[PDB]
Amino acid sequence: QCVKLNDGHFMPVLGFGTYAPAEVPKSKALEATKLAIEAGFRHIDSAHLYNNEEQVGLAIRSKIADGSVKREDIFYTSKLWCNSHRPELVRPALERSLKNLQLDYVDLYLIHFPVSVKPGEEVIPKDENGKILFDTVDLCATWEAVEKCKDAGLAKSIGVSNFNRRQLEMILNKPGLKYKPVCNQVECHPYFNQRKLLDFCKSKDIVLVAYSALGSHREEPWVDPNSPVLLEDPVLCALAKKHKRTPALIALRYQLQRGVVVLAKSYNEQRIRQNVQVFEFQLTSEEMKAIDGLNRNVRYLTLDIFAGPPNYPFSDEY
């Protein structure tokens, strides 16, 4: 149920995603994470950006308190947001998360996104023309600060998210590198299966972690409502009928059998319990091939508002 990372730690291959649109009350993140743990999830993914780490920490700690799990049974991910890329601000950011969580460490700390924005409480700072106030930071300097967090034991493992191949290489080949990223958390699903980035990551011992595995939240305005609905896919639904599972479970199983760690968000009890069933069955080679055919090379999450700066990751082929 776990993959071994390049720093020797272990990551459960199924993970619970906690992000939800703003309209959703924070109390739901607490209830949802509790249900997820009760249903079998041991890998919990969140972020400072999501503004729920207080709720997600409470859910984790309450499931420790009622004796369901030990801390060591739980793999919790946080992420450093773009308003704290500056080296001197990395640790205060992790420490703030730990304070909100009331946890002693995170199992995994990621650089959330490679484009930096102006330091401050605002997570998307803008000027009067509604333009983003970008910052200028050497992400290599950021990584060194992130490395010290592992030295200090605040994060057991460290990694990145939304990095392209060249940005991975920038870190990987950096003079005096202490720790490789253990993972690259990126968008991955049958419509955008990241084969080249996946091959690159494997070659360097980096785990690929798939977010928006089910076709994403589809939150407006962030995502075009005209974009294909992954869970309504002909092939996934046919595989679903054939295996007496669901399209969601097919999409999740696909990532597992191709060596990808896979995230899945849900605030619904039934689907939360459904999603852990990913372990109950397997696809054949021929089905895996057929899912491979689904690739459309189109992202649900482009973050156009962050395009412009030299670190915008999605302009390279991969």
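Residue numbers run from 1 along the displayed sequence. The term rigid core refers to the most C-alpha atoms you can superpose between the two forms while keeping them within 1.5 Å.
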property: Stretch departing more from the displayed form, 97-105 or 127-135, Cα RMS in 6 other deposited structures of this protein (core fit); result: 127-135
property: In 6 other deposited structures of this protein, rigid core aligned: more displaced of 216-224 and 154-162 by C-alpha RMS; result: 216-224
property: Residue stretch of maximal mean CA temperature factor, 297-305 vs 11-19; result: 297-305
property: Stretch with the greater mean C-alpha B-factor as recorded in the entry, comparing 77-85 against 210-218; result: 210-218
property: Per the PDB entry, maximal CA B factor within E54, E38, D66, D45; result: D66
property: Most elevated Cα B-factor in the entry, residues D224, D107, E95, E187; result: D224
property: Third of the chain, ranked by Cα B-factor, where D199 sits; result: lowest
property: Ranked against its chain, the third holding the CA B-factor of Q257; result: middle
property: Relative C-alpha B-factor of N129, binned into the chain's lowest, middle or highest third; result: highest
property: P234 - which third its CA temperature factor falls in, relative to the rest of the chain; result: middle
property: Record-listed C-alpha B factor of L249: chain third; result: middle
